[PDB]
Amino acid sequence: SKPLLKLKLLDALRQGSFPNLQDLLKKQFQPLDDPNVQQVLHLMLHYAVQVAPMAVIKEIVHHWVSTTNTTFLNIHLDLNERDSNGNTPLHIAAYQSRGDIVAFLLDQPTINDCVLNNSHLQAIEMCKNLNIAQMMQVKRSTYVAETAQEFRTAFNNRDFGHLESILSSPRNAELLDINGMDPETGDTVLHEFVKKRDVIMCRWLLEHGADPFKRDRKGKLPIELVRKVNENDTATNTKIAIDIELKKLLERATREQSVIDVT
């Protein structure tokens, strides 16, 4: 039954009519609880990238990817769905030299161009056409710079909601290094908040991956940026309580870190 569904879907995709595809799915890809139906639908974007016109690929993505929209399909297609080879639609598009599809996918809100297939390759490495590879490299570099800016905006305005959205992004897990030097300031975030003496932000950063063993551009560890104070107990040391708290936090984090960032 799965082979039948695959052949049926590919036939509709090759014909290139989205309205026809929509009707086909609505009437023949039922019920929603059929395993084969679900499995083939999950690979629809892969198959579309292989045989369908740009217009169809665009309609598929705009109709069934965004989780904020309810549709008849009743399935939110994953733009980063991995097939049995670990390939995503972007991997397929890059290998098949469909530059326009590659660019379109890279412009989508939920795209993750860092997914590795079973051979440990990213989509950009699938390119035989290096002009397409160059375009992917430039688009990634632009995104990296804009995201570094987004992160700076969020932490400098102390917007935890925004920070949550930035660090929870699958793509940012690899394109935004909380322990790396910012491309514009050259500074490392934990260090900056230690100097700012914002302990709550420091705690938040540590819980989200910030490493107390990381040295910034000046070769300084976060703990070395704490005010040079003697006392280890806040009792009767009210005027340096924040500094003591900060020192204690970083000392504890240094013990708890477990995995030191290696560069």
Side-chain angles (χ1 to χ4, degrees), residues 2-3 5-22 24-25 29 35-69 71-144 147 169-175:
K2 167 180 283 189
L5 290 171
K6 177 178 174 295
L7 186 66
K8 178 194 300 295
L9 178 56
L10 282 166
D11 192 54
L13 291 170
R14 294 198 191 82
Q15 273 179 45
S17 169
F18 183 67
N20 176 64
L21 172 67
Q22 188 167 53
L24 179 286
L25 274 39
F29 276 65
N36 298 314
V37 167
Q38 289 291 307
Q39 290 172 53
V40 172
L41 286 175
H42 273 76
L43 292 170
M44 177 165 58
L45 187 54
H46 281 73
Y47 296 132
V49 167
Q50 296 191 304
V51 313
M54 167 65 106
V56 172
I57 292 165
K58 179 188 168 188
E59 295 301 322
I60 288 173
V61 171
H62 288 305
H63 275 76
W64 307 312
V65 171
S66 60
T67 60
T68 60
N69 306 347
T71 71
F72 89 77
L73 194 70
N74 290 316
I75 301 178
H76 283 103
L77 303 183
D78 188 348
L79 212 56
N80 312 299
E81 178 82 30
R82 295 177 79 248
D83 60 25
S84 63
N85 275 325
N87 288 318
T88 63
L90 186 64
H91 281 86
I92 303 301
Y95 181 69
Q96 211 173 302
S97 300
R98 297 197 69 179
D100 55 339
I101 300 182
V102 171
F104 170 67
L105 292 174
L106 287 175
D107 288 332
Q108 302 312 295
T110 65
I111 197 68
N112 181 358
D113 60 340
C114 291
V115 177
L116 304 175
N117 62 14
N118 291 186
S119 283
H120 311 108
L121 298 168
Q122 281 182 36
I124 184 172
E125 304 177 80
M126 301 290 284
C127 295
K128 185 180 181 59
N129 184 329
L130 298 183
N131 175 47
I132 293 178
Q134 176 270 166
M135 173 268 288
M136 295 180 76
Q137 180 66 61
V138 176
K139 280 184 171 296
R140 171 173 290 184
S141 64
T142 295
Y143 176 77
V144 169
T147 291
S169 161
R171 191 186 187 184
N172 290 344
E174 256 62 61
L175 294 187

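In what follows, residues are counted from 1 in the order of the sequence shown.
Closest of all the heavy-atom pairs between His76 and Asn69 is NE2-O, 2.9 Å. What you find for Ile75 and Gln38 is that their closest heavy atoms are CD1-NE2, 3.0 Å. Considering every non-hydrogen atom in both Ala123 and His91, the closest pair reads N-NE2, 3.3 Å. Nearest approach of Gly16 to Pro53, heavy atoms of both residues: CA-CD, 3.7 Å. Smallest separation of non-hydrogen atoms from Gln96 and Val49: NE2-O, 4.0 Å. In terms of heavy-atom proximity, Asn20 sits nearest to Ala12 at ND2-CB, 4.2 Å.
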(request) Apply side chain to side chain contact (heavy atoms under 4.5 Å, CB included) to the pair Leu21 and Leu25, showing each step before the final yes or no. (result) CA-CA 6 Å; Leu21 172 67; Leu25 274 39; 3.5 Å; yes
(request) Dump the intermediate steps for side chain to side chain contact (heavy atoms under 4.5 Å, CB included) on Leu175 and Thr147, then the final yes or no. (result) CA-CA 8 Å; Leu175 294 187; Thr147 291; over 6 Å; no
(request) Apply side chain to side chain contact (heavy atoms under 4.5 Å, CB included) to the pair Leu90 and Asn80, showing each step before the final yes or no. (result) CA-CA 8 Å; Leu90 186 64; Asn80 312 299; over 6 Å; no
(request) Go through the steps for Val40 and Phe29 under the test side chain to side chain contact (heavy atoms under 4.5 Å, CB included), then give the verdict. (result) CA-CA 9 Å; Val40 172; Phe29 276 65; 3.9 Å; yes
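When the side chain to side chain donor-acceptor pair (under 3.5 Å) test is applied to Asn74, no partner is found at least two apart in sequence or on another chain. When the ring-ring contact (aromatic ring centres under 6.0 Å, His included) test is applied to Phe104, the partners found at least two apart in sequence or on another chain are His62. Looking at residues two or more places apart in sequence or on another chain, you find a side chain to side chain contact (heavy atoms under 4.5 Å, CB included) between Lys6 and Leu10, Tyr47. Residues satisfying the side chain to side chain donor-acceptor pair (under 3.5 Å) criterion with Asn112, sequence neighbours excluded, are absent altogether. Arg171 is linked by a salt bridge (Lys or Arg N to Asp or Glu O under 4.0 Å) to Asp113, counting only residues two or more places apart in sequence or in another chain. Shown here are the side chain to side chain contact (heavy atoms under 4.5 Å, CB included) partners of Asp107, two or more places apart in sequence or in another chain: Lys139. With sequence neighbours excluded, the residues that form a side chain to side chain contact (heavy atoms under 4.5 Å, CB included) with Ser141 are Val138. When the side chain to side chain contact (heavy atoms under 4.5 Å, CB included) test is applied to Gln39, the partners found at least two apart in sequence or on another chain are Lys2, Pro35. Listed by chain and residue number, nothing satisfies the ring-ring contact (aromatic ring centres under 6.0 Å, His included) test with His42 (two or more places apart in sequence, or in another chain).
Applying the salt bridge (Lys or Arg N to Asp or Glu O under 4.0 Å) test to residues at least two apart or on different chains, none of the pairs has a partner in residues 86-98. Applying the salt bridge (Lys or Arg N to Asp or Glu O under 4.0 Å) test to pairs two or more places apart or on separate chains, none has a residue in residues 39-66.
For the atom pair CG (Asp100) and CG (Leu105), the distance works out to 9.5 Å, reported to the nearest 0.5 Å. We find the CD1-CG distance between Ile60 and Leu79 to be 11.0 Å, quoted to the nearest 0.5 Å. Separating the CG atom in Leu77 from the OG1 atom in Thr71 is a distance of 8.0 Å, to the nearest 0.5 Å. Rounded to the nearest 0.5 angstrom, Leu5 CG and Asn36 CG are separated by 6.0 Å. For the atom pair CG of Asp78 and CG of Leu45, the computed distance is 9.5 Å after rounding to the nearest 0.5 Å. Atom CG of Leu73 sits about 5.5 Å away from atom CE of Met44, to the nearest 0.5 Å.
Aromatic ring pairs are classed by plane angle as parallel below 30°, tilted from 30° to 60° and perpendicular above 60°; the pair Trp64 and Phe72 is perpendicular.
Between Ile92 and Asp83 there is a side-chain heavy-atom pair separated by less than 4.5 Å.
Around atom OH of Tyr95, no more than 12 heavy atoms belonging to other residues, nucleotides or ligands sit under 6.0 Å away.
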Can you give me every donor-acceptor pair (side chain of residues 115-122, partner residue at least two apart or in another chain, under 3.5 Å) with its distance?
residue	atom	partner	partner atom	Å
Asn117	OD1	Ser119	N	3.0
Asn117	OD1	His120	N	3.2
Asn117	OD1	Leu121	N	2.9
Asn117	ND2	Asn87	OD1	2.9
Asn118	ND2	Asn85	O	3.4
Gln122	OE1	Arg140	NH1	2.8
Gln122	OE1	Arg140	NH2	2.8

